[PDB]
Structures are given as structure tokens and as C-alpha cells.
């Protein structure tokens, strides 16, 4: 709950951002901020693919617990993701539409991750 201001900041800064969330390695979502605004595209196709990535996101996210791995992406045709470690139990995930700014997404999540880590 202390996180949501940071999750909202990520979505606000990244063109095409669907959602920014904290997720547990136990597969239980902790907090989210979702794109509320009328997008310049129809995002329902993206929401379908994002739902269909959730199992695989948490599987790939496990690699973040290794010292060397700092960032993981699991991407579909319509949806890109960026994930970073926030604690031994939690990771941060940004989902954006494939036509969004993936470079800005990676940069903004790198800047925001320490702020989320500080709220634990």
C-alpha cells in the first residue's frame, strides 16, 4: 500500500504502460496501478496476452533471486514486461503495449525499484 504512489509514477511516465505491480514469488499480487485513461489504441487484445503471461512471468522472475540477474522480460506479440527484485519474497513488474516505449520502461523501473524496496 505504501508502494502504490511509486507504481502510479511508473505508469504515468511510460507511454503504453498497462500496469505496474508488486507480485510475490508465492504467486500472490500485493499491489498494482493500472492504466485508467482512454488509450490511443484498443488494449483488450494486450490485456488477454498479459493474463496469458502471468504464470510464465512468475516462473522467469525466479531468476532475479540470483546475484547476477538484475532485470527480466517475458514478451508476447502485443505485451512487453520488465521485472526487478524488491525483496527475497517480492518482485516489481511493468507491463506495456508492444507499441509503447520499452527503453523508457526499463529506465523508469530501474529508477523506481529502490523506492519500492525502501517501503518494505
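Positions refer to the first chain, counted from 1.
Practice problem: With reference to the PDB entry, specify whether the mean Cα temperature factor is higher for 37 to 45 or for 60 to 68. | Solution: Comparing 37 to 45 with 60 to 68, the higher average CA B-factor belongs to 37 to 45.
Exercise. Would you tell me which stretch averages the higher CA B-factor in the PDB entry, 82 to 90 or 28 to 36?
Key: It is 28 to 36.
Quiz prompt | Third of chain Cα B-factors occupied by residue 12 | solution = Its C-alpha B-factor belongs to the highest third of this chain's values.
Practice problem: Could you say whether, by C-alpha temperature factor, residue 98 belongs to the lowest, middle or highest third of its chain? | Solution: Highest third.
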